[PDB]
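Peer 1: First, the structure itself, so that you have it in front of you.
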DNA sequence: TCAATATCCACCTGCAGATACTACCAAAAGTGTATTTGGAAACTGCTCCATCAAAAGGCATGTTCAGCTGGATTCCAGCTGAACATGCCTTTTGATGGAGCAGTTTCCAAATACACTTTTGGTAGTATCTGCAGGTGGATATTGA
DNA sequence: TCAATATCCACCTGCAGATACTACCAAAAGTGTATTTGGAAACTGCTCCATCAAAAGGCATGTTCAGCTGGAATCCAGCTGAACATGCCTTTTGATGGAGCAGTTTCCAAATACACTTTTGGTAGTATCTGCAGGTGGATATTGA
């Protein structure tokens, strides 16, 4: 266990299929994990800054939304 | 014309600066089209910024603000 | 005697005024700005809701859910351009398969 | 009598930064130490870029900086390029890159 | 203590689709939609007044911001609606 | 009537590269550089104070904005410099 | 058949990664920026992060499978994921 | 050869590659279709700004698109490459 | 391999444009000082909602196979680049007026403050009712032949 | 094309989780009336720079040929998907804290106004000097031999 091997092959296969992908190489399951780790690092770093500024020990949804909005990604359904 | 003044050699030079070795003969029309599309979007935003102020001369700052809107910040003119 | 009624609107003109005043957008705010903006917001709201209700009808349902909003937005050329850097929770994707 | 850039130990202006923060509709009030911090940051970044650009100028055997040199500096650095990736430098050209 | 746009969304919905409801997850999306466009338009209107050295935001700034943000026919109709609203607000 | 940052850029240059000049086209680029970063940092500092219901911009807001905008080691050094500046400003 | 699974997964909207693994990973990443402190996480924050991540990955897969076909293939390679990220910026 | 010398020469330089009068003429022709049929005047620095931005755009697009010819095992630039680059960028 | 031809590379000369320097000045912008005021830090405290364990069953893991696809090779015809001779369109230069920009009035519209009425958000306790899950019946395409 | 099997649609029933509807309330907020103030529109004038002409020659255009490359057809071996049996990790539930959020106080840092230096931007005028273009002159690879 390494906490990123919990992102399994079937889940990645499902995301690919929802993306229209017919066949998948066996080297796609490690590449995807790195991509995901980079994305999460970038978002979480900014989320933690917003909440440490406010002198809290609890990450809220607004902190995540603000971080994403910075990164160029705007998410609606939350508040 | 006025889009055929963007010549074959000019496009070929722009391609070479980008590292292109060979170039199909149909690239000269495609480039012209995409350029014509790029200018339309910038120019109307510039003209809007220019008309909000009540003047009839397009300044460099209007172009800079337009590009900044499009996400294409430019350094050198303001 | 309300401002939204004088203008023929359902959206709030006073609240928009207060939010413009408190947001550090300018040192002053005029009287037609809130009504103009409220009307624009109402137009866009209704324009989306119409298409979402149509999509619900096509799916044989009487209640709108985020899937319907996503379909409305992504099947309309202009709303997609306006909302192209946006992801909608519980919306999914448009079906799309292609031959090689 | 004494300026504030000198107390802080800076070349950039602390009064002008204060003025621009107050006149920019950024907030109702502006503290005493914000302009100092911001001026220091701006000075640091300017100095970094100018150092790299002067080095690039010397490599090319020139005594004067021109936009080409700033472009080379910025695109040869892994961080300044990330800060300035949506930016085009007038009369700067491109990095030589074949293949 | 908390405030939202749900009342007015529900009114507009009953005005275009009288037979049709809306779930709670979706109205969150719509509330987020309204807050985003407000911010964009008001942000552009803030700059136009700064670029031109003005201390007041008027309907002209909002109109220009609408033209800049919104694409094509959508801006046209939005401008028409806002102009009518102001026109019949003033005449009362 | 017009104002700029050229004086201070020239000072910094004579402070890092005493033998080296700068052309007029390039100093325009540098002036544009300084105006852009100012706007970004002050914009972020404006929001953090709004998110947390504060009416005052302080050095803490600028510090947090610096951390958010700038990447990696560059933010680290910028924070160090700003902190030193404030420290020796207060002690006078 | 791949065709039935694609059609089924494009009509659906539910999340595809399981919750606890994602939560564990996101908390493992957080603790590096907080200098040893175990921050708490609202429940509606992890769902937000998950929605965003899954959207990102799906759209990336679309863009990359556009590049497999450009090359005359049917099979997705890492070769094709890397190039899409470069072009997107 | 001749292509390699030209590539090396052109990447080493900074000057504009499109001629000025044609670009001016096209930009004015495009402006007139807005403005409700009236001819606006233009500062010179404005046209230079627009030209710099346009040439940058095109050079960067050619760069991004010659990566898709080599992906497909080719050496020759085709239009499908430009189209796909624009699609993937989001334009 | 040889090598003249480009070609590269270095080096020197001259000069023209652009840089840097000095002096004047004046204005507008920043500093110092004293007063008053209001935002935010510090400390209490309470209720919500986050975290920690546990029990089980549903999804994932591992192995084998065979059918499909990726990748290398060969061949041939289409199409690109290079070279050379014309000449047409861009570039540079100069008199001219239209529009941007500054200054002065004033007047219309926005801020400030107090009273009063209306609206909206939240809770209690309902009552529907829409949509999902399971069950069953009828009907077709594709697997293999 | 034959055909059974999934699979595809459609209809049905049941139910329960979530949406609409009332009450009510009371707190917050919006509206109406006077009053004061100042920001921006309207008018005039001025001078700067942007449009509009006319010569000169340097880059673009057209034709032809040789060779390079794209594309189609074979073929072979690697490798991905599908199926089945099994078991481990995730999901659901219930129980406590601990941290967020609201409240009160006060004190320290910010706005405000006035008087006084100082610094920076612009303008002549000076000169000087960096680098670009030119040409000499030495020396290397290169595709045809």
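Where a number appears in this text, it was derived from the coordinates with a stated rule and is not lab data. Cβ placement follows ideal geometry from the backbone for every residue including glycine, while neighbour counts extend to all protein chains displayed.
Peer 1: Helix E:73-90: angle to the longest alpha-carbon principal axis of chain E, degrees 0 to 90, nearest 10?
Peer 2: So the helix axis and the longest Cα principal axis differ by about 80 degrees.
Peer 1: Return one number: the angle in degrees, 0 to 90 and rounded to the nearest 10, between the long axis of the Cα atoms of helix C:33-58 and the longest principal axis of the Cα atoms of chain C.
Peer 2: 20
Peer 1: May I ask for the angle, rounded to the nearest 10°, between helix F:24-51 and the longest principal axis of chain F, with both axes built from Cα atoms and the value confined to 0 to 90°?
Peer 2: For helix F:24-51, the angle is close to 0 degrees.
Peer 1: Taking the mean number of other Cβ atoms within 10 Å as a proxy for protection, how do you rank E:48-59, E:78-89, C:61-72 from highest to lowest?
Peer 2: C:61-72, E:78-89, E:48-59
Peer 1: Is there a simple number for the mean count of other chain Cβ atoms within 10 Å of the Cβ of residues in H:38-48, and what is it?
Peer 2: Whole-number average of other-chain Cβ neighbours for H:38-48 is 5.
Peer 1: Given axes a ≥ b ≥ c from the Cα gyration tensor, I'd like to know whether the protein assembly as shown is rounded (a/c under 1.5), prolate (a/b larger than b/c) or oblate.
Peer 2: It comes out rounded by the Cα gyration axes.
Peer 1: Shifting gears a bit: How far apart are the residue F:10 label points across copies, placing each 7 Å from Cα toward Cβ, in nm, shortest first?
Peer 2: 6.7
Peer 1: Other chains near B:23-35: what is the mean number of their Cβ atoms within 10 Å of each residue's Cβ?
Peer 2: 4
Peer 1: When the label point is put 7 Å from the Cα of residue H:8 along its Cα-to-beta-carbon vector, which residues of segment B:16-32 have a backbone N closer than 20 Å?
Peer 2: Backbone N within reach: B:16-22.
Peer 1: Here is a follow-up. What FRET efficiency, computed as 1/(1 + (r/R0)^6) with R0 = 51 Å and r the Cβ-Cβ distance, is obtained for residue G:15 and residue D:77, rounded to the nearest 0.05?
Peer 2: Values: r = 40 Å, r/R0 = 0.78.
Here the calculated transfer efficiency is 0.80.
Peer 1: What whole-number distance in Å separates the alpha-carbon centres of segment C:44-80 and segment F:1-74?
Peer 2: That distance is 44 Å.
Peer 1: Using a Gaussian network model of chain D with C-alpha springs under 10 Å, which one of D:78, D:51, D:28 is most mobile by mean-square fluctuation?
Peer 2: Judging by the Gaussian network model, the answer is D:28.
Peer 1: Determine the calculated [θ] at 222 nm for chain C from helices alone, applying -39500 (n - 2.57) to every DSSP H run no shorter than 4 residues and normalising by the residue count; nearest 500 deg cm²/dmol.
Peer 2: -17000 deg cm²/dmol
Peer 1: So, one more: Rounded to the nearest 500, what is the 222 nm mean residue ellipticity of chain A from helices alone, with -39500 (n - 2.57) per DSSP H run of 4+ residues and division by all residues?
Peer 2: Dividing the helical sum by the residues of chain A leaves -19000 deg cm²/dmol.
Peer 1: Still on this model: Rounded if a/c is under 1.5, else prolate if a/b is larger than b/c, else oblate: which is segment G:14-89, with a ≥ b ≥ c the root eigenvalues of its Cα gyration tensor? Before the final figure, lay out each step's value.
Peer 2: Values: a/c = 3.29, a/b = 2.25, b/c = 1.46.
Taking the square roots of the gyration eigenvalues as a ≥ b ≥ c, segment G:14-89 is prolate.
Peer 1: Moving to a separate point now. Per residue of A:44-56, count partner chain C-beta atoms within 10 Å of its C-beta, then hand back the mean as an integer.
Peer 2: That works out to 6 on average.
Peer 1: Another question about this same structure. Which chain E residue comes nearest the axis with its C-beta when you rotate E onto F, and by how many angstrom?
Peer 2: Closest Cβ to the E-to-F rotation axis, residue and whole-Å distance: E:43, 5.
Peer 1: Continuing with the same structure: Can you compute the modelled spin-label distance between residue A:2 and residue D:29, with each label point 7 Å from Cα toward Cβ, in nm?
Peer 2: 5.2
Peer 1: Using R₀ = 56 Å, calculate the FRET efficiency as 1/(1 + (r/R₀)^6) where r is the Cβ-Cβ separation of residue E:3 and residue F:16; round to 0.05.
Peer 2: 0.60
Peer 1: Separate question: Using a Gaussian network for chain B with springs between C-alpha atoms less than 10 Å apart, which of these wobbles most: B:44, B:17, B:32?
Peer 2: Its mean-square fluctuation being the largest, the pick is B:17.
Peer 1: Further question: When 1/r is averaged over all different Cα pairs and the result inverted, which Kirkwood radius in Å belongs to chain D?
Peer 2: Value: 16.0 Å, from the Cα pair sum.
Peer 1: Please work out the C-alpha center-to-center distance from segment A:1-29 to segment A:64-79 and express it in whole Å.
Peer 2: Cα centroid to Cα centroid, the span is 25 Å.
Peer 1: Can you tell me the FRET efficiency between residue G:82 and residue B:36 if r is taken as the Cβ-Cβ distance and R0 is 35 Å, rounded to the nearest 0.05?
Peer 2: 0.60
Peer 1: Taking the convex hull of the alpha carbon atoms in chain E, what volume per residue do you get, in Å³? Display every interim value, and only then the final one.
Peer 2: On the way: hull volume 14.5 nm³, N = 92.
Taking only Cα atoms, chain E has a hull volume of 157 Å³ per residue.
Peer 1: Right, another one. Considering chain D as a Gaussian network with a 10 Å cut-off on Cα pairs, which listed residue, D:56, D:40, D:27, attains the greatest mean-square fluctuation?
Peer 2: In the Gaussian network model the winner is D:27.
Peer 1: Still on this structure, please answer the following. Classify segment D:1-53 as rounded, prolate or oblate from the Cα gyration tensor: take a ≥ b ≥ c as the square roots of its eigenvalues, call it rounded if a/c is under 1.5, otherwise prolate when a/b beats b/c and oblate if not.
Peer 2: oblate
Peer 1: Starting from the Cα of residue B:54, step 7 Å along the direction of its Cβ; do the same at residue H:33; then give the gap between the two resulting points in nm.
Peer 2: My value for the distance between the label points is 3.0 nm.
Peer 1: Place the label 7 angstrom along Cα→C-beta at residue F:21 and in each other copy, then list the distances from the first to the rest in nm, shortest first.
Peer 2: 7.8
Peer 1: If contacts are Cα pairs under 8 angstrom and at least 6 residues apart, what is the relative contact order of chain A in percent?
Peer 2: Dividing the mean separation by the residue count of chain A yields 20 percent.
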